[PDB]
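Each residue of the sequence shown is one higher than the last, beginning at 142 in this note's numbering.
A short write-up of the structure that comes next.
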Amino acid sequence: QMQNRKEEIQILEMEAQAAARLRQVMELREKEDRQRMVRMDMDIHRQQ
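Written out as structure tokens, the structure is:
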């Protein structure tokens, strides 16, 4: 199982790296949608 551990660990640690980036990814994807909404609200100010 040292061989199966070798494989499992690399499987997992690589995913951990994905998680390690995705945390930041979600924030900026959130930013994009929240800001997209904000733009629309300033457009309303322009409609006024």
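From the three backbone atoms N, C-alpha and C, an ideal C-beta is built for every residue, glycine too.
Roughly how many angstroms lie between the CA atoms of residue i and residue j, to the nearest whole one?
i: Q151; j: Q176; result: 38 Å
i: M178; j: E168; result: 15 Å
i: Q189; j: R164; result: 38 Å
i: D174; j: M183; result: 15 Å
i: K147; j: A159; result: 19 Å
May I ask which residues mark the beginning and end of the alpha helix (DSSP H) holding residue i?
i: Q142; result: Segment: none, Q142 is in no alpha helix (DSSP H) and carries neither H nor E.
Determine the DSSP secondary structure at residue i, reduced to helix, strand or coil.
i: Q151; result: helix
i: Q165; result: helix
i: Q189; result: coil
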